[PDB]
Structure formats: C-alpha cells, structure tokens
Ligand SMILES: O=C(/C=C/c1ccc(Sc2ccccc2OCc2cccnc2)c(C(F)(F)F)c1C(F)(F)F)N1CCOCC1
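Below you'll find only one chain, the form deposited without this ligand, shown as structure tokens.
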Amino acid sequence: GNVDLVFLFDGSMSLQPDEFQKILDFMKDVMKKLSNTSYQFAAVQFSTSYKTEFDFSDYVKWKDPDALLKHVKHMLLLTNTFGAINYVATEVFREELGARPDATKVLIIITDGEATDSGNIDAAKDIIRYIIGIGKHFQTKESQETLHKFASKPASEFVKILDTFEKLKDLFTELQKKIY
C-alpha cells in the first residue's frame, strides 16, 4: 500500500548545530532506506513558525534527499509543536501538493524539548503519528509523558525516547519493517 510520510522536525534554539545536522542526516537516511514506489515524503521544520521544506510534489520531482534538504536553515526560535502538527494536517496533506488520497498518512515528529504552545491536535487525528524525543530535556518521566498527547496509541509503540542523537541510527531497521 502507498504511504505518504511527513517528517516534522524541531528547529528551536535548544538544538546545537551538530544535533540539528544529525536530524537532517537521519531524515535523508530514512528516505534512502525506505525509498520505493510505495513511499513519498514531505518535510516541515517547526520552531516559532512552520516552513514546508519540501512537499510531496517536490519529492516526486527530485527524488534526491540531499537536494531536497539543501536549502534548510536552522530557525533557532521556539518549539510550537501543537501548531506544527496542525499545520502538517491542514497544509501538507493536500492532494494539490502531491498527497495521494489512497495512501496511509504518517507523521514522524522529531523534537528535543517540550512544546512552547498549547491547544489540541484534533485536526491530525487520522494521521499515524510517531514522536521521537531526543536528549537531556527528556530525562524525567514527566517530560517524556508530555509527548504522549502528540503521538498515536499505544505510546509504547509510537513514542520513542532516545538519550543521544547517535541513537537515531537504531531506528532505521524498525522504520523499514513497518507495514501500515
């Protein structure tokens, strides 16, 4: 079956330059490793504001992860996760931007801290949502639990807590093995 997968990646000022680059490299590696007719991809950077770095039609045009993320600039502002998820639901998953009506909608949200906004993500309810919380800001159970509201259930499947950015590599096999 077809899968339309969006990477939604944190560009806040909490992220150090090497860490942000490891996130970009992870997205490129996932695209290279999942690449096949079934998958198409989009990517959105979120911080204070939201930017579609490439949409599904851009992916179809270029099919080159290096090219697709070449123009990304680290935003270095806040962490407005609620609005980011809603932005994906309403502004990225659109047929006019290359989204396929028959495809399973998937989000991989990548963040290094707690949200700086609030509200709800009801608009994104029909999207299968993974969230990856990385690093020292998720050392407490309480901080980890804040990510559950963003992800699909069960949290034991959909919420991934990684203690270091080096652990992103350990998610490749898992993501490759998903059958939606």
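Residues that one form lacks are left out of the comparison. Start at 1 with the first residue shown and count on from there. Only the largest set of C-alpha atoms that superpose within 1.5 Å between the two forms is called the rigid core.
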94-102 set against 78-86, stretch whose average Cα temperature factor tops the other in the entry: 94-102
Mean C-alpha B-factor comparison - 33-41 and 55-63, higher one: 33-41
Within-chain third of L8 by Cα B-factor, per the entry: middle
Third assignment of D117 from its chain's C-alpha B-factors: lowest
Record-listed C-alpha B factor of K136: chain third: highest
CA B-factor ranking of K125, expressed as a third of its chain: highest
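The next section is about a form of this same protein that is not shown, the form solved in complex with this ligand.
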Open or blocked: this ligand superposed from its pose in the entry with it bound, cut-off 2.4 Å to backbone or C-beta: blocked
Contact check for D25, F54 and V72 against this ligand in the entry with it bound, heavy atom at 4.5 Å: no
Segment assignment from 129-137, 142-150, 55-63, 115-123: heavy atom within 4.5 Å of this ligand in the entry with it bound: 129-137
Contact of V106 with this ligand in the entry with it bound (heavy atom, 4.5 Å): yes
In the entry with it bound, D163 touching this ligand (heavy atom, 4.5 Å): no
Heavy atom of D18 within 4.5 Å of this ligand in the entry with it bound: no
This ligand contact in the entry with it bound: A42, any heavy atom under 4.5 Å: no
2 Å-or-more CA mover between this form and the one not shown, where superposition uses the core and the choices are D163, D170, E157, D18: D170
Shared-residue segments moving between this form and the one not shown, Cα shift 2 Å or more over 3+ consecutive positions, core-fitted: 170-180
